[PDB]
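Trainee: 3D, please:
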Amino acid sequence: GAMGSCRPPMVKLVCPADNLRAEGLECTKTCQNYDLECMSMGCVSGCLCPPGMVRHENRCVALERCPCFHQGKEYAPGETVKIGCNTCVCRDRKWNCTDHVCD
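Mentor: Residues are numbered from 1 along each chain as shown. Shown next is the protein structure:
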């Protein structure tokens, strides 16, 4: 029934015979696989978030707003954490360490 059933869908993406739209290589695009490997399932009849948006916790958020991970825990942008004698803050889906003097 051409039912995505992929939770609240935003943008529908199908994979042509040779998968020209998904180029086969492409399948998913989320802050998790955006720069990392993609999941096998997703290229074929799937619903993801707009290009400038990423799929996170079934919700669409902007890349600059994407969640950050540090120690198995999920953090947010501008969120600071302490690592040893240095601290880091999530900026641009990446952590920025001050690396100040170890006290």
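
Trainee: tell me the contacts of the residue most central in space within the chain?
Mentor: Most central in the chain under CA atoms, centre = their mean is residue 31, positioned 1.4 Å from the mean C-alpha point. Each residue near residue 31 by CB atoms under 8 Å, 6 or more residues apart in numbering is listed here: 54, 56, 61, 63, 66, 67, 93. The C-beta positions use only the backbone N, C-alpha and C, and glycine is treated the same way.

Trainee: quick one: which of these is most hemmed in?
Mentor: residue 54 (24 neighbours; other CB atoms under 10 Å).

Trainee: wait, doesn't that one sit right on residue 66?
Mentor: Yes. Residue 54 lies in contact with residue 66 (CB atoms under 8 Å); the separation is 5.5 Å.

Trainee: between the two, what contacts are shared?
Mentor: Residues touching both residue 54 and residue 66 (CB under 8 Å, 6+ apart) are 31, 34.

Trainee: can you dump the C-alpha atoms of stretch 34-53 in PDB for me?
Mentor: Provided in PDB are the C-alpha atoms of stretch 34-53 (Å, rounded to 0.1, in the frame of the first residue of the first chain):
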ATOM      1  CA  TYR A  34      25.400  12.400   8.200                       C
ATOM      2  CA  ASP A  35      29.200  12.100   8.200                       C
ATOM      3  CA  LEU A  36      29.300   8.400   9.100                       C
ATOM      4  CA  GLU A  37      28.200   5.200   7.400                       C
ATOM      5  CA  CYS A  38      24.500   5.000   6.500                       C
ATOM      6  CA  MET A  39      21.900   2.300   7.400                       C
ATOM      7  CA  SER A  40      21.000  -0.300   4.800                       C
ATOM      8  CA  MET A  41      17.300   0.400   5.300                       C
ATOM      9  CA  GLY A  42      16.200   3.900   4.300                       C
ATOM     10  CA  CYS A  43      16.900   4.200   0.600                       C
ATOM     11  CA  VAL A  44      13.800   2.200  -0.200                       C
ATOM     12  CA  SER A  45      10.500   4.000   0.300                       C
ATOM     13  CA  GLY A  46      11.500   6.000   3.400                       C
ATOM     14  CA  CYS A  47      10.700   9.300   5.200                       C
ATOM     15  CA  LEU A  48      13.500  11.600   6.400                       C
ATOM     16  CA  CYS A  49      14.000  15.200   7.400                       C
ATOM     17  CA  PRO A  50      14.700  18.000   4.800                       C
ATOM     18  CA  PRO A  51      18.300  18.400   3.500                       C
ATOM     19  CA  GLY A  52      19.100  21.100   6.100                       C
ATOM     20  CA  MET A  53      17.400  19.000   8.700                       C
END
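
Trainee: thank you, goodbye.
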